[PDB]
Each structure stands twice: as C-alpha cells, then as structure tokens.
Amino acid sequence: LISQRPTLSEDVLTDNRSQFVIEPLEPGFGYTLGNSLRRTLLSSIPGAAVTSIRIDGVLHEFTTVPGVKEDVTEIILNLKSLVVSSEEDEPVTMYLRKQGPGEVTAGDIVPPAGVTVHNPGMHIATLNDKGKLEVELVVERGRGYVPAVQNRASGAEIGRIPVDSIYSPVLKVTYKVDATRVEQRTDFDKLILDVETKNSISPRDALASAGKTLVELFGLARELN
Amino acid sequence: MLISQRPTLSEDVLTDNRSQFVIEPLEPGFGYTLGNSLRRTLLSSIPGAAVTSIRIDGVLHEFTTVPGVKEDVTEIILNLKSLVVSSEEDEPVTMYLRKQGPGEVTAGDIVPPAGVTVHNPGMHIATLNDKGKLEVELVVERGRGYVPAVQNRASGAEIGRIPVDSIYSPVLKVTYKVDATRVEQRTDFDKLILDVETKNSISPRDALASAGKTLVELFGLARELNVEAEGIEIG
Amino acid sequence: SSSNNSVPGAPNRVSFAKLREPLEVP
Amino acid sequence: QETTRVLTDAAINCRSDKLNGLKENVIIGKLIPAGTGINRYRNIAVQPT
Amino acid sequence: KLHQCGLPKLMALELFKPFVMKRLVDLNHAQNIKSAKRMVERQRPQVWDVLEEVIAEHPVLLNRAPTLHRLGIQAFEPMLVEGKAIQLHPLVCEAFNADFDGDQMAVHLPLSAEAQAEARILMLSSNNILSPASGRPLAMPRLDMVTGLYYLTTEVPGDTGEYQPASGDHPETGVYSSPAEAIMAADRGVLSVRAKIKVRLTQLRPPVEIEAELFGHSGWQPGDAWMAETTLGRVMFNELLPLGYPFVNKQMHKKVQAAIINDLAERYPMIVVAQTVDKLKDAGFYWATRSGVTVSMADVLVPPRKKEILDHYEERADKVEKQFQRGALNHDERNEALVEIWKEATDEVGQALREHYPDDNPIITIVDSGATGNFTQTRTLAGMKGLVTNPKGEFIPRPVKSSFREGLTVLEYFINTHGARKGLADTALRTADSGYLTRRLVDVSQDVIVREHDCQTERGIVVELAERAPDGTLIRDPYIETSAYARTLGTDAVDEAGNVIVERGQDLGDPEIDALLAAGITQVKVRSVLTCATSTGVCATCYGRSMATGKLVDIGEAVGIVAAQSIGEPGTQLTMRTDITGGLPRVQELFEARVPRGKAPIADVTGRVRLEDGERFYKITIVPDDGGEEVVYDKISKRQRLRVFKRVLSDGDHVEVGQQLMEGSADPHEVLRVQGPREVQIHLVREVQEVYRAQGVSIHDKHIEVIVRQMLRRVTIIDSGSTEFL
Amino acid sequence: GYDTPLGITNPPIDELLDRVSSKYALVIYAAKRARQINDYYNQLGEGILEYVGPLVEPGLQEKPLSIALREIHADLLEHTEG
Amino acid sequence: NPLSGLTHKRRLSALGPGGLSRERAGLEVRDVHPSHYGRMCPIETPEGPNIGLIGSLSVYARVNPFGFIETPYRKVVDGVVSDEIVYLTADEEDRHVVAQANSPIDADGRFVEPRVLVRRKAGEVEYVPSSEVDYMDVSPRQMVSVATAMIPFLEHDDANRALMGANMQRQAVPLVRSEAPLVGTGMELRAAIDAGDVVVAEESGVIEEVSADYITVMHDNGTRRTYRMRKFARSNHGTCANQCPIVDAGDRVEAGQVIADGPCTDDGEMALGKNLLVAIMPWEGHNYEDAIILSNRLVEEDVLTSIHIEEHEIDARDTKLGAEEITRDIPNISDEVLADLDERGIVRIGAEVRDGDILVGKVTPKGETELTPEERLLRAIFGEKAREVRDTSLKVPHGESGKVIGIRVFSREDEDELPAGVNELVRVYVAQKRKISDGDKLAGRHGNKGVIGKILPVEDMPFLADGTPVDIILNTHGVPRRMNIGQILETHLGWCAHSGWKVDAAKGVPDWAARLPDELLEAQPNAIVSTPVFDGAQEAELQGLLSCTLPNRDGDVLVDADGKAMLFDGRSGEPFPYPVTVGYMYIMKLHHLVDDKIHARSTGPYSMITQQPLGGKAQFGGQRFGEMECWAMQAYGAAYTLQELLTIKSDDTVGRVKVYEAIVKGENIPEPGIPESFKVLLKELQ
RNA sequence: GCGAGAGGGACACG
Ligand SMILES: [Mg+2]
Ligand SMILES: [Zn+2]
C-alpha cells in the first residue's frame, strides 16, 4: 500500500498558459482525473464578456455605420474577441467614441471602475475622413455560452443589438500521464495538465475555480451519513 | 454562482450488497465528468485486503494437481482468490490452513490471527479423501486497486510460495449511465445513474462515502491554490 | 509555373499541376 | 383501372355492389372487413367480472 | 429505446393542441377555452409543462414515403426533444429503409381509444421485429453495431492477457475468478478484451455440450459455476442476451447475429427480444467507437504484383489484336477475346488483393464483418475497376485499369460515366415499374383474408424437402426456408411404414425439419393456400405460420395485402440479365399470364420422337402412346435449344406430358390445358421464385401461393347447359 | 425474463395475449374498457350507470386505456366474442 | 451562391418546346454519348427525373455559329505537339484521331512512349504509335464543367458521388465569413470573377476612398468611379448578397482586379464553405449512417451560420364597397401589438418579430352590416358612417422570426406603376441569422451528404494531444462502400496544408518529390494549395508530404506518416486504443435547413371542392395519407385507425367539429360518419 | 386558395 497523498506543482511556461503536475495518482486515476478537470475548465469557469452593443447611427445588425469600412455585423464579429474582467456582478456599460480617420482598436474603450480590457492591440474597425463611430457596450458576468437575449424578452429599445455571450476565460486544456508502472508493482500515475487562458485570468485562477466547483459538487457523495 | 437547483442523491436497494444510486439534476454535461471519476475512485480508491501468495505442502514442481484432494491447483487458487478478508496491519501477515482426513474444507478452517478477519467462513474451498491431509500457508496484505500476480523477484526467497493475482478493492463492479431529464424547462440537466456492487465487507453506501472523501481530497488539492476563488456553489 | 498567374490580385495558391495549360479558360 | 369501361358496363348491366370488400369499405368510410374490423371483434362485449 | 421516438416541442404543441387546452383549462392556468387558445398560440411558459403531462403514454405513427411494406408505418411512444428533428431509433432504420442523409418523416396522431390501442398493440415498433415477408429479423444491429460487436467478440491470438498454459515454472496466469475481475483487469492495461482467457462464469448457461457434461440434466445456472475458455469480449456480449440463452462463444458475424435473434424471436417473448436488441445496440455502438476502425490512404493497400500480371494480360491482348489485324477473326470475336482475358485478369487481381490484404485491416474487416459492402467494391477501390459497360450494355474492351486509389485518367473516367448514368436512369424507371406491379398485386389479392381456423380439407400440396443424391445421402434442398418452413402438415410422415414421425397439424419449424431429415424421409405433404377449401378467404391452418408474429395466423389477418406487399417490396431491386427475359419484366409477364415472348413448346404425349431438325424453322413429332397423333410443330426458329435432362432431347427419346422440348419460358395457359391446375400452380410458383432468387431475395412461397390462388378462381364454360351462362 | 418495462410497453404484451385469443381481440377489449373508464370519470358527478370506473389502482392522471390494459393484465375483466 | 448562378447559365436543357419531354424521353437519349467529351460534362447533371436531359457545357467548349458545340485541340504535326489551337466540332473530331490530354511530351512536342491512348472515330479508345496521332486535348478537365472542376481529387471519386458533389456545390448557402478552401483547384478564382458578383475594376487606377457602401477609385487620367456596393440584398432564393471591400485607401488596382468580394468569395476566389477538423471514426452511433456530429464551437464561434432574408407582401386595393386602407387604427386588438407598429401601419426598422405578430396594420370594409334598429335610427340622425371594417393584416407565417430590414412602400400618390385596382403595395424584409442546429444538412464536395445528428459540447469532443477538439466526426462505414476516396485524400492534404511542411532537401530531393514543382518543397502553416482535376497530387506525393509535417508549436507530430493520429476521448478520458484519421475537410452548409422543413398541423384551412384538409407547408396543410399508407394500415389489420385517418380527420365535415369539441371537453370520441368526398363522387356519377 | 410550367429533396448495387 503506497502511503503517499498527491500534491500539485505549477510550471509557468508563459504568461497565458502553464502546466500543473499532480502526482502520484492511483494507477488508472490518471487520464480520468485529467479529463474530469478538462471538462470543468472548458465548461464552468465564470467570466465576463460583452452582452449587447448600441450604435447611435444604426438600429439593427444588418446595416452599415457611415464611413466605417466594416459593416455592423463585421464589427460584432470583431467585438466578439474582446476579453474583459468585470468585478461588479450587475450589468455595466462602457462607451467608445472615435472621429476622423484612424484605426479603432480595443485600446480606445473607456471602461468604468472595476472592469477593464486586456488586449488594447486588437483591431475593431477602420475609419476615414467621414468616419464617426459611437458605440456603447454592455458587459455582464456569467458562465458558459448563452445566446443573445432578445429585445422583446426585455424592455429594450429599438436601437439595442443583442450579442450572444460566451463567458469562458479558459482557451485550451490538455493533459498527459507518465506512469512509471515498474515491475515491482509500486505503480502510480503522474498527471501533467496544461492549461491556457485568454488573458482574462491566469491558469492558476481557472484551476482553483475548477477545484472549488468540483469540491463543492462532490459534497453530495461525502454528505450522505 | 448559485446553481439554482441543488442535485440530490437517492438510492434503491437491490440486494444486501448492491445499489442503484441516482444523482439528479446535474448540470449539462456534469454527468460524465463525475460519473467516470466516481467509478474509478470506487474501483481503485477504497482500501481493502486480500491474498498475495500461497505455498501448498506436497507440491513443489507439479503445479497442476495436489495429492489427497479431488480438485487441482487451479481450482484451489481460484477458490482462495475469491475470499474476503479485512486487516489493519500494513506488513504482509501470514495465515495457516490445515485439515487432516477426508471430508470437505471451507473458508472456516483458516485460523485468523489477531486483527485479520474473514467475513464468509462458509465458503467451500476443496475436498479431501482417503485420509488425505491438506496444509497450506497464505500471505495476506492490504492495499488498493487490483495488483496482478507479482513476479517472484527474489530468486529463492519462497521456493514453495507462488504469487497470485489479488483483488484488493471492496467494490467488484460499477457501471454508470446518464439521461436527458427535463430538456425543455430544466434545459437538459443530466441524471447520473450509478449501479455499484460490492463485497460484503462494506455496503455500497459506505463505498460511495469513501469515494467522495478521496475525490474531495484530490479535487481540493486544486482548490488549495486560490481560496478566494469564484465557482459554482450549491449553497 | 505554379498558380493562376494571369489575374492581378491572385492569392498565391500554389498548385500541384504537372502539365502546363496552353489555353486559358474562356 | 379502366374507369370508363368498367363503370359504363356496370351501368349497362345495372350491377349492384355489396360493399363487403376491403377497398370498397375504405372509400365509403366504414370498418374494413379485416383485423379489428370483422364482426367477431367489432361486436365483442366487455364488462367487469 | 426501441419503442420511443423524439419529437420537437414545436411539433408536439401543435399536434396535441386540444389535449393541452383541456389539461391546462382543468388546472386554472387559463380561465376559459378561448384564453387557453390565446395562451397556447403565444406559447406561455407553463404550456410546456402541461404538454409533457399529456404527451406521456400517447402513441404517434411515424411514416416514410414510399411505404413499400407493412413496417413502413410504425407506432412510437413520443417524447419532447430539443431541436427540430424527429430523433429516430437506429434499429428501425432497416424497417423504414431510412438513412439520415436528409430524409423526412411524417407523424400522425391517433385520437380515439381504438386508434390508440391499435397503435400500442398492433403497430408498436417493439412488437414488430421480424419482417412480414420471410420472417428474417429487421430490428437487428446493422452497420456500426455489427462492426462493434464483431470487434468485441472476435478473438486475436497472441494478444496481451492471453491464456498461456505453460507450467512447471509458474501457473497459467490466464484464468480469472469472475467477469468482474476480468473487466477490472481490462480497465487496467493488462487484459485485452479480445484475448483468450479462462473465466469462471456463474450467471450464464454453459454451451449445450458443457451443460450435459457437467450438470447433466437440469443445472440451474444463475447459482452454479463453471469454467469457460473464451474472451472477455464474448463474456461481456453474453450478458446482453437473456438469462437462459446458452453461452454462444462465436465470432459475431452478421449471419451469427441473425441466427441468434431468430432463436430469440422464436423461443422468447417479444418483449425480451426487444430488450435484448436494445442492449445489443448499446454495446455495439460503444464497442464500435473503441474498435478504432478508420479508413486512411495508408490502410488502402495496393497489390504489389499488379505490374507483372498487367503486363502479362496486356501481352495477351496485344497478341489477340495482332491476329485480328491479320484477319484471323472478325471484330465480334476479338471483342469477345479481349473481354474474356480481361475478365480473367480482373478476377486474378481480385484474388491477389484478397490474399495480400491482412486480416485486421479496416476495409477488409468492415466487408468481412457483414456490416457493409462487398469485396468487388474493395477490388475497384484498390486493384482495378475492370471492364466497363457501354451505354448499349456491351463491354468496352479497353478496359479501365487504374484503381480509384491510384486515380483514373480522363478517358477511363469518361468510360465509367457511361455505366454510372445508365444505372441511375435504370433505377428510376425500374422504381416506377415495380410500383405499378405492387399496385396490381395489391388490387388482385386484397380480398384474401383468414376466416376459419381450419377447413379440415384432406388435400394439400407436396414439398420435396431434401431430395436423394446419386451416391445416396440427404443433401438438404438449398431453398427450404421459403417452401417447407412455416407450413402445416396435411398428412403424417412415416419411414418404412414405421412409427409416425410428425403428426398432421404440426407447425413444421426448424426442429421439425431436422427430425424429418434424421428419419430419412424426403418428401412431405403439407397444406397450402392453393388447396384451402374455404368458401371465402383462406383457413388459418392451411396458410401456416404468420411470419411476423411467429405463431399461427389470426382470424382477421389480411394475408392478401401482406403477400402483395411482400412480392412488391424486393421490386426496385431486381436487375436484368445480359432471348429469355429474367428480370422484373419476367415477373410482370408471368403474373399477367402473358404469352411468353420466348415460348418453348412442351409436349402433350409421351413415347418416342421423330426428330425433324428444321433449318430457318423447326419440326418435331412425338410418336403418341395413345397413338392419337404426333402433334406436329413448326414456326419455331432454329434458335431454341432442346432442354437438357437426366439427356438433352434426342431423336427417339421418350418424352413426357410436359417435357420442355426446346429452351425458353413455357406458357401457363398451355401447361394448364395439358397438365392441370396443380401443375400450372407449381409452374408459376417455381418461375416466380427462381426469378426472385436470381437476385438472391428470399420470399416465403405462401405469398406467391396466395397470388396464384387468386389467379385461378374462375372457370370458362364450353356448354351453357340450361342456366343463364355464356 | 421480462425486465422492468417502461412507458408504453408496460404491461408486457405477451402476457396480455394469453388473456385473449388474438391481438385484435385485445385491441377491442382494451378500447371498450377504456371507453367505460373515461365515461365514469367524465360523468362521475352525476348518476353513473353500469360503468365501473377504475378497478386497479389508477395512476394520478393515468390515461384511460392504460388503466384498462393493466386491469386486463390482472384478470379483472371478461369478454364475449362477436 | 455565385456558383449556382454561374451554372444555371451554360446549362443545356434537352427539353422544352421543340424537344422531347420527360415522359417522351427514353433511356438512350439520357446516356453519355462518346461525343460528349469536351462539349457536355458527363458528371454534372440533375439526379431526379432529369438525368441526361439537363447538363452543362464543359469549361473550354465554345458554340459554333451554326449551333454545334466546338472544342479546342492542339494540332500535332510531324510528331510535334504544336500550340496552334484549332476548334473542332464532333464531325471533325471523329473524322480525325485524338490523343489523351495527359501524355508525356518531351518538353518539345514529342511523346515518350510509342503507344498513347487515342480516341478513334466511333468513340473507341485504343493504343496507337506516336505517328498516326493527329490531335490532342488542350488539357485535362476539358471534359468537366465549372461546377465539377472544383472537386479536388475528382479522378479518385466515383461518377455517382462526383455527380452528387457537383450537384451539391450549387446548394450551399452563403455563410457570414466564407473562408477559402485549404485544398481546392485553380477553377475557384476564375469561377468567382466570371460569376459576376465579385466587383472588379474595369480600368486600373489608385484607390481614393473606401467604405462599406462605396469604393471610389481614381483612374490614371482624370476620371473617377465610385463602385456602389450591394449590401444585404435578398437573392432569388432568400439568401444574402453582401459585398465587402478588400482594398484600402492607398492601394493601386490593375484593370480586372477583384476590388470587392461577394457572398461566397474570399479575396477573389470561390469559398462555398469552411474547413473543419474532421475525424473518421464511428463515435457512439450519433454519427450513424451518414449522420454528422458537430462541435458546439461551430455554434459558439459562428463557423456555420447564414443570414436568410424573407420577403412579405401586402397590397391595399379598391374593393367593391370602397377602398382598403392601412392604418394604426384597427378593430379590436390589445394595444401592446400596436407598440411596434409606427403611426402609418407598417412596422419600424430593426424591430424583432415572431409568429403571429403584425407587420402591416391593414383593415378592409367588413361588408354590409346591420345596425340595431335604435342604433340605426340614431345613426341616421347623426349622419354617421358605419365605420365597420374588418381587420386583415400581414402576419408572418408560423415558424418565422427575426429583425426587420426594409420597408418599401409604393403608392399611386407617389406616381408609381402598380397593378390596376391596387392603391398601396408595401414590401417588408425580415432577416434571421440561422445558426447550425440538429438536422441541418451538411455535405463536403465528394458526395458525403448528411444531416447533423447531435451537436456535442466542446468539452466532450475527441481532442488531439495538443488539445484541439475535432470539429466534426464522420462515420467510417460510409467511405469504402461508396468509392469516393477523395474525402480521405482531401483530409490528408488539408492537414498537410494546415500544418505546412518542408521536404528535407539536404541530399538532393526525395524521389517522390522529383516531379514536385518547386516552391512546394516548403509551405508555411495555412498554406492554401490546389490540385487540378485530373492532374493533381498523386498518392506518393501525399505520403511524402505527410512524412514531413513540421511540428505545430512544440516538438510533436500530431498526425504520423499514415495520416492518422492518437485521439483522446472527450468523455471517458482514456485514449482510443487505435489511432484515428484526422485532418481538415472543406464542408459546406446546404440549403436544406430544418427550420424550413419542420411542419405540424392539427386544424387549418380546407379545400372547398372536396372538404379534405389543404396541402403544403405554405398553408397549414396536412401530410398526405396515400394509397400505399392505407395498404400498410390494412396489412396491419387496424380498421379503426384507418377509419379515423380517412373519415373524421379529413372529410367528415359534421364530424370534425364534434371531434374537436369532444377532445376539448374530454368526452369519448364520436363515431365517424360518411366522408364528404364520397358524396362528391356520388354527385359526379349522377 | 384551383390549374399549368420550372427547379429541387428522399428512395436495395449481390
Ligand atoms: Mg435517404
Ligand atoms: Zn384451409
């Protein structure tokens, strides 16, 4: 009977991704645990993302703002890569204004206190001498994928453009087990998990949240007698 | 975040040692993420004890049959292997079996020293005839999982002792499935249905409790990085 | 000569062709 | 098939349909004389013991 | 589950609108019916709740046009499913002929209690496993399930965990105490699911031989224990079968599964068969995913010896062309020679590919598991396409010589397009023709329905049932599932005037045929629908077993429509022959009693024959033994060929009353006139069955017998007597 | 042996068949009994006639025909053929 | 899509006035005559009851002045394959002798081998020494049409599946992004610029201004031209027609350059669909028998989503009693529905609508009506109008919803051309961003059609060692028995293109790469390539390119030399015991979406002639229960269900109402009566 | 709330 409990060691490969190493897992409890954490990471790590935007010069998603090279739907698609981190659970609103020629990027937003944009270098659109963009985005906390909330579902005005929301800080999770499996039967697994997030939260926070979700979930099994 | 619907856990007894646990309504797809983990922990995380090696008097090279017994060596090894034992000492304890004369021999003949116990004395092992004598020494130890027959690494430590496959785990068979209960109103919450079957040593409820304990330990190893985290809470 | 060359803004779509085409498509 | 010929010669013969076939009872919307439609079962009476 | 079908909520709400209206009006959710109507039309949330409440235990009929046969429409238990597609159980696909590449299906809702009872009892999918045509199962696993089960139950020698019996140094290290221990060892990477092990099973009936060897008479298996050399795949499979079914221990080819499900259908209640089929489906899918069967460029192996044989046969073709250019033969003969040598070459290439391919290759495994495809498609895929047909039907003698893996050239592809487009157009026209034939049969035989349990008529047709062999043996007649099976004996069977073997009125199933063959008797007099004496319809006993249910037919069965649909289903699937017609048109002209386009006159009297071999015409005369007259013949071109028997009709040969003098298709009218209704009935049945077996389609004869009975109801009148008759 | 059936397959049909002669008989048997049950429920408030509404423990909102078929399973009915 | 528009033109319909019809069409006129080579594609054709009758011109074919279909040919003289193209009709073609397109000329017009495959007079194919050859095909793919020329590895597919792929390439809906194919053909670009929708500069110049609506180019000499973009225009079949610029203010553009894209074009070239990661294993039977299982990413990231614009129409006309008017004032209806309507009827731009919502508030004179006698005398005293009207407004059909794009109003007051008797005519456009859902039809280019059985979450999908989930999983049993093994080769070459490659030219070059063109021994990731139709990547080249498949980011080859990969199961966690074939496949979104197919009826309009329910999805309509279905019911023996389906569900005009009332009240179903259609038959016989 | 025309989907290769 191997009397050794497992541990957890972090290895910071880069800023946005890192490898955690849990060992020694019980023979056969390798791939299993890795997948049980992969699912949790890709599914239930709460985050923030833009829920609905409003542009003064348009009323729906299928038109064009004057001047801008892209069309409202292209701007929606480009504003689907905006990674944010809101603190206040309630909905918040942040504005954006640009006049004259130039490249409108994610760095030109004016988020209120608490919330912020973590990739100023993204290209949102391009304007010209006639360009004028005035867009207010709404950010709400949530988890997973929820499609756009309908205008008539709420009391939204005509100018509202609901946008489907994908709150998921994690970006890519994988794993691999290196089991010694020596002939002396003192065998064990060595789960090397690799987690990469989209700059919203470091992989430490995502894995901690997954562990919290799982510890709380399995309370029912332990909480029986 | 508040789940808004706490999963429950109910059971339906099938036999004295068997159960069909139901967990409902788990989130989508929180039926496979934990079903396989619970299955693996049940199978190979609940400590137990069992035989590891045996030496039989009268047989040293002829590993087929044994004198004075109507059975053969394979039959004896099969019978001993499916024998339930509970122990507390970590080092390999040794046990003795000896029956002289004709008749039949069960799991009640093996004398257990202090600490080791047998939960099924009435289990036929072999039979003897023509004033036959059977004398067999067993090695029993505690552990986890299912260790195959350990190769005799020592050249001559146990000339008369042969190793054997060993079933340490208390739970013999676990299966699981999921469903799509209440697709519309409840947005397709999964219903994990575990079917667990265990040795007498423990009821399946206790096995699930131990599986939950070890699972919470392993998954809290992840939780002990950023305690002020955010995640799903049943509340 | 890989790629369809007689179009100005052609993306450089490298081709496996072994036989040259004497006649461009009408 | 051959609606004109059969219909007109039936008219000349003044022939009468008995309405006891399987396709004849489907046109007029009656229980087909087969399966659950035959009188052996259509008229079965059931009452508690 | 096999009795369930998904149903989108958007469809269930509209179908069940009045029901949900009533249910929610009862629940105060809407004050009056009009308010309920507005609520459901706007789809307020609680509606969904009530919808489920009503939809539970309420069958709905699913149908897919064309409704070729009875199983086209089946009753399923609905349930709400997200999305907008009717989720259909896979095992019913073969019944509907439904594939999921864009099909659509229609859902009807029975209303009255009679309609609901009919949907639940008569038409429920779990109650319709066997086809109504020949009794073979249609709810069995197919394609992915068959591949998964074949991978599961196949045994691979030299695999990890194998039972090695070496002794002296250590035990066998292959035995396992229980399937629980073996699955535990398989979850760990020790024991492969397809490794020869020895388990100690205690909840599965042993094979019959082991049953007699160990227990003898009445070993009650769930408690006892017995050793079994097997593979854990087979052990896991046998847990899917019912408890009492003996351990099978065979590689689960599709035919083996067919035999197993036939045995289950015959010997067990339909509910058990449905549950076993569902569990087989689940295991088949699960182990098809793990089977690792994938198709890749690397796994489509090419035969290494292609070049040498291609050069050999190209040299032979060059020689044939060379001697053609020297005038050795005409163009027809040289086209024949090229076609022959290239057919031989393609057959050889197929053989070489077959011998070169490994055993566990994905393509060879898929074809050899019975799941899909035939080896010709693999030969074309790797090997060579072979000969290709011109639009007229002749063979292009080139031929194509590049496999689809190697890639055809421009002209070879162009040549292939001929056959492809020809096949498609033929398919459409044949579909139309077979539809017309089905309509005609259904309209000529609908009024044949069972009416009496038994007419007690002593008459009955005869069935050959494994004729004698020249050396002297009982070689089973190949086509027995259609003729002898599922019929009731008209007279008892005896051997050497000994004890009775099978009494009159026996079902005559497979055990019964084995008893017959063991006793040595060959011929059996069995009742049929031809001899049934009932005034209206047919008596139940004469008809025999109902193929679907498996028991004797009911008193209300519409056997006529069942027979018509059975004969019209394999239509759209008969190919013609490359003159004696032998395709669907042959069936059409045979069932229409047409004068055959290739009549082969049969004699009308026995005795020696004066042959007069006619040139551009013919002439035959049979010396009558009544001596009445040697009925003379002429106008028969010098094209037909004297039929071959015992020998081919020779000068002075002793002919019979129906010896086909020449070759061709005899006429039912003349053979009726000359022999009688018995012989014309047997002639019609034999020809229709032969045509349907040219394509290898199995139809039980009793459907053809129903149609042929409906042919010969009427008699012509020669003398009116004195009663109103023309 | 018959494993626990569910939904529309319960009670097992093959056990019902022994309580009748042919499948068609079971159809009409159950349908007429279901009409009786629905009629009891529908007009229970007033002076019910010879309709003997449910005989086996009815479900909370068991559909009439289901109660009927279960009754036939428990040998709680009799029939006279046409 | 542009391909369908291009292919409808160039189509050759063998039926019409002065030509044979389908019933008159036999089974020899539909074949592929040997004279179709180079003049009519033998692959592309409808597969319904139109096979052979409807075809398409080959790529190089040109029509003679008289009407015959010519074909270019390279005349060979003295054994030298000159470049003197000459156009021949069928008569000249079969008069002379023609060699195959792919013959090994020795870089000077002389063949290598004596025997070359030659087409003789009467369509025969034989081998002839290189002395009698008189003409040569200009190039391979001279036989195929434009639609079929876009199928990569066509010479490995079968004629049936090639035909299906060619037919299905004309059905893809235009997506929102329209990524170009990783593996394609040289025909995409030409087929795109000739389709017409790709906006092209006629004369060179320098870009002056760019915006979503216009692209203003400055030419070399004085003249400026503002190309007007076509944004969100409804095509004839309901799809979108967006054009987006692909140039900036500083670019200079040569004459004939692609200035802007169309619906399905990506920087000039045709893009009918998207490249998704494909695995070729049978996954848990959800992808069973042509069913395909996608990943939720395709829904999350809008990989496969299309904008569909539906058009609704209503006209106010002069009625017998007066005129029809459209106003916000409407007979009794809750006021909330008027919230979306503007002051003058038609709804406001950008307003979401659903089934049953009002699009055009319309009323018509109710008819002659009777006042109560006291009301009538009081109204005569008033002189008041009846003010009756009856509300009949444009409401969307069931199962329709989405934003409102445009309201186009036509009135006689504005001096427009309207049909006589119509005062007002207003069009409303309603768009919906249809995602990909269960049952929507997806198909590659080689005839691998299939509906979407299930859309698994991203987490429970097979993922490579890198952790990238497979976007779609195709069954493996559908490949071998259809002889369309180009989907596998397309998969392999797609992986090679996505991951790039670099042939090790350290010791010369590998033998298999001897004939490989230069600047193919290396290729960066996402390096689009092209395999022409009948001259493209060989099997040996594919094996070689898979041998060198340079690692993505770490030291790791996800897909080994066999084209297969080690896949980790998404649910069980453990890897699949054998490697799986993974790659990138170009699959498309066919226009057979479920939302257009699902239908349900319980009560609707009825035919007045015979009182059967109406038919079709446009109206409510009920599914036909034909003769064959009734035969099946009779076979079962279900008399009562047949009576139900034929009597009180369809024609018992006195019975349908009773059935509705009985079900609503919960009573027993009434007994059926006599169908009205039988009464109609009786009256007609009389 | 019918008719004609056109296009299109689904339909056994042993
Ligand atoms: Mg289909
Ligand atoms: Zn009879």
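Chains as they are written, first to last, in UniProt numbering: chain A, 2 to 226; chain B, 1 to 235; chain C, 25 to 50; chain D, 1227 to 1275; chain E, 437 to 1014, 1023 to 1090, 1097 to 1176; chain F, 28 to 109; chain G, 443 to 1128.
By construction, the Cβ of each residue, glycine as well, lies at the ideal position given by its N, Cα and C atoms.
Here B:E135 has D57 and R98 as same chain residues with Cβ atoms under 6 Å from its own Cβ, once five neighbours each way along the sequence are excluded. Measuring C-alpha to C-alpha distances from E:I1066 to each of E:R1060, E:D1057 and E:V1049 identifies E:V1049 as the nearest.
If you ignore the 5 residues before and after E:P827, its C-beta comes within less than 7 Å of the C-beta of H854 and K858, all in its own chain and listed in chain order. G:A702 and G:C686 do touch by the CB rule: their CB atoms are close to 6 Å apart, below 8 Å. Cα atoms of E:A902 and E:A951: separation of roughly 13 Å, rounded to the nearest angstrom.
Under the three-state reduction of DSSP, G:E794 is assigned to coil, being neither helix nor strand.
Remark: the shortest separation between the CB of E:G809 and any heavy atom of ligand 1 does not fall under 7 Å. Of all residues, those with a beta-carbon under 6 Å from at least one heavy atom of ligand 1 are E:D535, E:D537 and E:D539, reported in chain order. Per DSSP, the continuous alpha helix (DSSP H) segment holding B:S44 begins and ends at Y32 to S44. Secondary structure note for E:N674: it is in no beta strand (DSSP E), and the uninterrupted alpha helix (DSSP H) holding it is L668 to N674. Taking C-beta separations shorter than 8 Å and ignoring five residues to either side along the sequence, the partners of G:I791 in its chain run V846, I847, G848 and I849, following chain order. Remark: fewer than three beta-carbon pairs, one from each stretch, lie closer than 8 Å, so the stretch 1241-1252 of chain D and the stretch 36-43 of chain F are not flagged as touching. A residue is called buried once 16 or more other Cβ atoms fall within 10 Å of its Cβ, and A:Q100, having fewer, is exposed. For ligand 2, no non-hydrogen atom lies closer than 7 Å to the CB of D:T1234. Of E:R1136, E:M581 and E:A753, the smallest CA-CA separation from E:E769 is found for E:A753.
Assignment of E:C441 by DSSP, reduced to helix, strand and coil, places it in the strand class. Contacts with chain D (Cβ-Cβ distance below 7 Å) from the stretch 82-104 of chain F involve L82, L103 and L104, listed in chain order. The beta-carbon of D:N1251 is placed no less than 8 Å from the nearest beta-carbon of chain F. In this structure, the C-beta of E:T977 approaches ligand 2 to less than 7 Å from one of its heavy atoms.
For F:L71, no Cβ of chain E is located within less than 8 Å of the residue's own Cβ.
At a cut-off of 7 Å, the beta-carbon of E:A969 counts as near ligand 2: some heavy atom of the ligand is closer than that. Ligand 2 has a heavy atom closer than 7 Å to the beta-carbon of E:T893.
Of all residues in the stretch 53-71 of chain F, those with a C-beta nearer than 7 Å to a C-beta of chain G are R62, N65, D66 and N69, reading in chain order. In this structure, the beta-carbon distance from E:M447 to E:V543 falls below 8 Å.
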